[PDB]
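Mapping of the sequence shown onto the working numbering: position 130 corresponds to residue 213, and the numbering continues sequentially without gaps.
Report on one structure; see the data block that follows.
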Amino acid sequence: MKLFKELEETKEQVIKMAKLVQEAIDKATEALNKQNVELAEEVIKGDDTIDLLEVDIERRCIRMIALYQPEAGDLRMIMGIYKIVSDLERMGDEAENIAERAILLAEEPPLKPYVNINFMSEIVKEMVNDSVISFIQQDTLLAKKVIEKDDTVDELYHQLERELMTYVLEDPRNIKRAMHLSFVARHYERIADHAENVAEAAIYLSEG
């Protein structure tokens, strides 16, 4: 009885953790776009908080278990949350890194608008959001359509990857920037794989 309160905020902690990750990406992409160290500097010192939300939720879970010991579909949610919460941390971590490489791309002009990375990022934020609200609220049709999304991201990557190899196949100087940029794109694909893990874990835990 005393335990529902505990669990219901814990779920909202995860939801909050996810808005912060989404906003990291959002900042990270912007800082990369309108080239802006002062913004990536925000992203980087931002992880601090996400690392702590991770810690917190972990620490919340262990209390819920030792205090109450759940069973059946409840212990299954806590253990599952304990799990999806480090996926969330990694995601926000990738973000940290996107910001890292944005700092380095400030070291010279744009070789390209940065088109692709955006469409990716845009989609990616949508994934984070849902992959969680699919876990927490066990909507299988949502989780399934998130899983389906990761492959539009994939396109964009193995698509950019080919445009990014124009610039080297046509100019020596270039390499330095396109280099950082590849890294940057793989980060966004990672963020999706992460989220689609969470969507799998959801589909998993769910029909239990």
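Cβ coordinates follow ideal geometry from the N, Cα and C atoms, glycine included.
query                                                                                                                                                                    : result
Do you know how far the Cα of residue 94 is from the Cα of residue 125?                                                                                                  : 26 angstroms
Please return the same chain residues whose Cβ sits closer than 6 angstroms to the Cβ of residue 278, not counting the five positions on each side in sequence.          : 210, 211, 214
Please determine, among 253, 108, 229, the residue with the shortest C-alpha to C-alpha distance to residue 204.                                                         : 108
Taking all protein chains shown into account, decide if residue 172 is buried (16 or more other Cβ within 10 angstroms of its Cβ) or exposed.                            : buried
From the DSSP output, in three-state form, read off residue 129 for me.                                                                                                  : helix
Is residue 247 near the ligand ZN, with its Cβ less than 6 angstroms from a heavy atom?                                                                                  : By its list of ligands, the structure shown contains no ligand whatsoever, and the ligand ZN lies outside what it can speak to.
Using the three-state DSSP reduction, which class does residue 84 fall into: helix, strand or coil?                                                                      : coil
Where does residue 138 land, buried or exposed, given buried means 16+ other C-beta within 10 angstroms?                                                                 : exposed
Pick from 227, 208, 163: whose alpha carbon is nearest that of residue 103?                                                                                              : 208
Going along the chain, which residues of its own chain have a beta-carbon closer than 7 angstroms to the beta-carbon of residue 281, five neighbours each way excluded?  : 167, 170, 214, 215, 218
How many Å lie between residue 270 and residue 84 at the Cα?                                                                                                             : 42 angstroms
Rounding to the nearest angstrom, what Cα-Cα distance links residue 190 and residue 117 in this structure?                                                               : 13 angstroms
How many Å lie between residue 132 and residue 253 at the Cα?                                                                                                            : 43 angstroms
Thinking just about the alpha-carbon of each residue, which of 181, 105, 164, 89 is nearest to the one in residue 97?                                                    : 164
What does the Cβ neighbour count give for residue 179, buried or exposed, with the cut at 16 atoms within 10 Å?                                                          : buried
Using C-beta distances below 6 angstroms, list every residue in its chain close to residue 184, excluding the 5 sequence neighbours before and after it, in chain order. : 263, 266, 267
What span of residues does the alpha helix (DSSP H) with residue 264 cover, start to end?                                                                                : 258–289
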